Amino acid sequence: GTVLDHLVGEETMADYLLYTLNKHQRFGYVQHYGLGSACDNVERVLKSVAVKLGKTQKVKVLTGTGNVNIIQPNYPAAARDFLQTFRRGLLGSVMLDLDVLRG
Amino acid sequence: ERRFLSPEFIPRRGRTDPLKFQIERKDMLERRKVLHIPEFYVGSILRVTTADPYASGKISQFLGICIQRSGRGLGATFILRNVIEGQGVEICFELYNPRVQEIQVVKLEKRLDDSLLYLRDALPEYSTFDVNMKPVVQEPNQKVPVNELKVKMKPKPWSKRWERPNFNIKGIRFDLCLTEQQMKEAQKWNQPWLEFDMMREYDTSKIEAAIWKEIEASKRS
Amino acid sequence: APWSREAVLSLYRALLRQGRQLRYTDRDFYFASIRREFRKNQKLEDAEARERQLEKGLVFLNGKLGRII
Amino acid sequence: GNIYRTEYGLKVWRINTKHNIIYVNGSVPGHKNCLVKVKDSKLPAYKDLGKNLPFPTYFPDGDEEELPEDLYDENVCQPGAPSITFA
Amino acid sequence: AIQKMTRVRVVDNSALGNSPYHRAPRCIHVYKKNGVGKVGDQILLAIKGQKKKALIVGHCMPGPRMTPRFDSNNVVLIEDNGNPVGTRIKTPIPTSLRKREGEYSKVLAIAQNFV
Amino acid sequence: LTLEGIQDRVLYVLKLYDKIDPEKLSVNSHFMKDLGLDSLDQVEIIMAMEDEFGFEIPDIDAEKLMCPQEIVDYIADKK
Amino acid sequence: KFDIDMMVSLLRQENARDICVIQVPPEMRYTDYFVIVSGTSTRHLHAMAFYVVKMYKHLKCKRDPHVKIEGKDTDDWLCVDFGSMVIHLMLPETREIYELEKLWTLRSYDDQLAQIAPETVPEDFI
Ligand SMILES: *P(=O)(O)OCC(C)(C)[C@@H](O)C(=O)NCCC(=O)NCCSC(=O)CCCCCCCCC
Ligand SMILES: [Mg+2]
């Protein structure tokens, strides 16, 4: 949280923080969000989070027939909540410099 | 006994010298006798064969539904729209461009609206047509069929506010896409005095007769 | 699994008939390309995709969309 | 507006002999049915090009032959000509 | 037609161009003096946190006569030197890239449909 | 023609092959187990000999050749 | 006369491996003959590229416009497009990555073309 999350994109560190949790094998998000099992697909994890909290957003998608407004799970809202939960500490202790410490 | 005149032969209202129109029509009749231009309206299915200048003059084909017949003079044009592979395309062909090899009316039909520009916001299958569909036969001495199809529209927003009275569209199921309050709100732009404004109607009856005399005189010569 | 085994071998040698009649391209690469193409598309066990490979092989023999000479 | 302006480097694609009409390339200043003064181009690259042009002018009465109805350009495709097929 | 901060549709089968969130990349720079992109011009895309150059093949803005008009703005990704990122093109593309001066034979070879 | 000149040409064009191992080359060389040849391999070697020895052999019989003895037999009685 | 017969012969002395010539039907609206050439090193394709264009300019055809080399900065891929013949000089590793032979013989029947998913028009959620 030392820098603003919006200028990097909430999706890129949602996967990165998910990546670090898998590396530490903590899997604290599995029971927190009621997920079936640990997963690595970032989009599918955010889909479950949006499903869990009932967050939906309508977006414009570029199709071959033109622009279509469809309602989709609110991935940015899911990413922001998922990032906030980790920062609050509900996902357990983390260490981002373990790899550089070992060499 | 039904006779049909191509829309571009009737000049727009203005101060242009009629002598220019006479010379423009002479070029049309000289060009028309070489390349036959079949009669068609907006909504008909047209297959146009042209030559691509930068592909070694290879023969080109394109099939689509006519949605607009605008322009006047030798610059008259029509727009064919089709969805190929799932992506919609539009081409504004030129009637008198010598690049055109032949024009074939696959299906001659009329729609409830003069212009089909609202098909862009309509559902994709209302504009998708088979590229190699077999042309259907037209019975001689038969009235031009009129299609009463009311297309279904994609959710708002649209490219243009088709429900407003100025567009005057009668080929859209508005009740399946717009609520009653939205229709009433669009009614505020209605102008009931336009239809009764006698000074803005263009009387072409005296003009079409002159055009027909010129057309038949050239053919006899 | 395919339409018929005899058709598959019949088209394979039919391709070699065309390859023997070719003039411009390289016979060594043409022979090598067709054999390795068959080596990977077989032993699929799906019994339906191999039928799709049959029809695309059939149009290759006809060469109405593209002919290599 | 309402001032005199001149456009340079306009070529003649077609000439109609019967109606005395010149087909100049591009647009010209002035509205419709306005009187425009026309003369030979003064551009340096277009000097010494009146060798074959009529001098001092064309005299149809004294001409030995009758001009065609329309004088076209070599690059201009005639309306009656068959449709162009590119090479 | 296409300028800075304009969403575009990627047509080739490049893995980069496939968005799992259905999010369309937007152009951040147009490689022209006036900053306006017509069919066949080269632009820059900021896609998935990467600044990848792209080539535009179709736009919704109308063009000259007898030129096909697409209802969506289509782009194809290319490398920093000219090679395409994706392997093949599925959506139809204009044939005007032959006449235009530039590196268009690579995309035309991998293209499938002509309109 | 000479009957001897048939068999020696048949085995020579078989020895020209690279992937297969010329371990046992008799008139009864069964390719399924000795050489491990599939339908494609058995078809291809027929083209490997037809190009230099043949031009009158269709598919209706080439699918059931199975041994070098009978191309000698099939060539001999065809001529 | 500059045609495929001389084009293939001009490519023989350049040690051009895996020469492929495909007759393109007029319905494809691209060209008449499509040529694929494999090389060994980046200098080799450049050597072939300069050799073919030098003969093309020198030999005949003053009327038609000149041809520029396409892909000079691209080391792996290089191409040159004449009036009716186009050649794509690329490394064999690029040939496997960019498979071009089947696409110009099978239209929309290619393995990769059959691999891609069709238009879906994403639907609404719940
Ligand atoms: P044999 O009887 O032992 O063979 C039986 C085998 C092959 C083992 C079958 O059981 C099998 O595994 N597959 C049967 C056929 C199959 O799987 N696919 C059909 C092949 S058709 C094909 O590949 C299309 C050919 C197109 C040619 C393209 C070449 C391009 C060169 C430039
Ligand atoms: Mg708009």
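Taken in sequence, the protein lines are chains Y, L, B, P, S, H and D. The first sequence begins at 224 in the UniProt record's numbering and counts up one residue at a time. The second sequence begins at 72 in the UniProt record's numbering and counts up one residue at a time. The third sequence begins at 2 in the UniProt record's numbering and counts up one residue at a time. The fourth sequence begins at 262 in the UniProt record's numbering and counts up one residue at a time. The fifth sequence begins at 31 in the UniProt record's numbering and counts up one residue at a time. The sixth sequence begins at 74 in the UniProt record's numbering and counts up one residue at a time. The seventh sequence begins at 91 in the UniProt record's numbering and counts up one residue at a time. Where a beta carbon is used, it is the ideal one built from N, C-alpha and C, also for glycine.
Within chain B, no residue has its CB atom less than 7 Å from the CB of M122/H, the nearest being about 12 Å off. Distance from the C-beta of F30/B to the nearest heavy atom of ligand 1 is not below 6 Å. The three-state reading of DSSP puts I70/B in coil, since its state is none of H, G, I, E or B. For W283/L, there is no enclosing beta strand (DSSP E); the enclosing alpha helix (DSSP H) covers residues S276 to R291. Under the Cβ distance rule, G70/S does not count among the residues neighbouring chain D, no pair being separated by less than 7 Å.
Taking 9 Å as the cut-off between beta carbons, the residues of the segment 337-348 of chain P near chain L are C338, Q339, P340, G341, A342, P343, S344, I345, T346, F347 and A348, in sequence order. The beta carbon of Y25/B sits closer than 7 Å to some beta carbon of chain D. The alpha-carbon of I108/S is positioned some 14 Å away from that of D165/D. Within the segment 102-140 of chain H, the complete alpha helix (DSSP H) segments at least 4 residues long are 112-123 and 132-135, listed from N- to C-terminus. Per DSSP, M180/D is one residue of the beta strand (DSSP E) stretching across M175 to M180.
For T279/Y, not one C-beta of chain L is nearer than 7 Å to its own C-beta. Remark: C-beta atoms of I130/H and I79/H do not approach each other more closely than 7 Å. Separation of the CB atoms of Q139/L and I150/L is rounded to 5 Å, and the pair is thereby assigned contact status at 8 Å. For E161/L, no alpha helix (DSSP H) run applies; the uninterrupted beta strand (DSSP E) run containing it begins and ends at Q158 to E165, by DSSP.
Counting other Cβ atoms within 10 Å of its Cβ, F320/P stays below 16 and is therefore classed as exposed. Restricted to the segment 60-109 of chain S, the beta strand (DSSP E) segments that are unbroken, complete and at least 3 residues in length are 72-77, 80-88 and 104-107, listed in chain order.
Around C262/Y, the same chain offers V268 as residues with beta carbons nearer than 7 Å, after the five sequence neighbours per side are excluded. Judged by their CB atoms, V145/S and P98/S are nearer to each other than the 7 Å cut-off. Contact check for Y25/B and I70/B: beta-carbon distance about 6 Å, within the 8 Å limit, so the pair qualifies.
The three-state secondary structure of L190/D, taken from DSSP, is coil. Segment contact: the segment 55-63 of chain S against the segment 123-133 of chain S, fewer than three CB-CB distances shorter than 8 Å; contact not assigned. About 32 Å separates the Cβ atoms of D201/D and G173/D, ruling out a contact at the 8 Å cut-off. In this structure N103/S is in contact with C90/S, their Cβ atoms being roughly 6 Å apart against a cut-off of 8 Å.
Counting only Cβ-Cβ distances below 7 Å, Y298/Y has contacts in chain S at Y51, in chain order. Here the alpha carbons of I294/Y and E234/L stand approximately 25 Å from one another. Residue burial is scored here from C-beta neighbours: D301/P has fewer than 16 other C-beta atoms within 10 angstroms and is therefore classed as exposed.
Note on the segment 265-318 of chain Y: whole beta strand (DSSP E) runs with a minimum of 3 residues are 279-285 and 290-296, in chain order.
Measuring C-alpha to C-alpha distances from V217/L to each of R118/L, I136/L, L183/L and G85/L identifies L183/L as the nearest. Nearest CB-CB separation between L113/H and chain B: below the 7 Å threshold.
Using beta-carbon distances, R102/L counts as an interface residue toward chain P, with a partner under 7 Å. Annotation: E77/H is outside any beta strand (DSSP E); the continuous alpha helix (DSSP H) that includes it extends over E77 to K88. Using a CB distance cut-off of 7 Å, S128/D does not count as an interface residue toward chain L. Ranked by Cα distance from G287/P, the options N313/P, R275/P and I345/P are led by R275/P. Assigned with DSSP and collapsed to three states, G262/P falls in coil, not helix or strand.
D201/L has a beta carbon lying at 7 Å or more from every beta carbon in chain P. Residue burial is scored here from C-beta neighbours: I283/P has fewer than 16 other C-beta atoms within 10 angstroms and is therefore classed as exposed.
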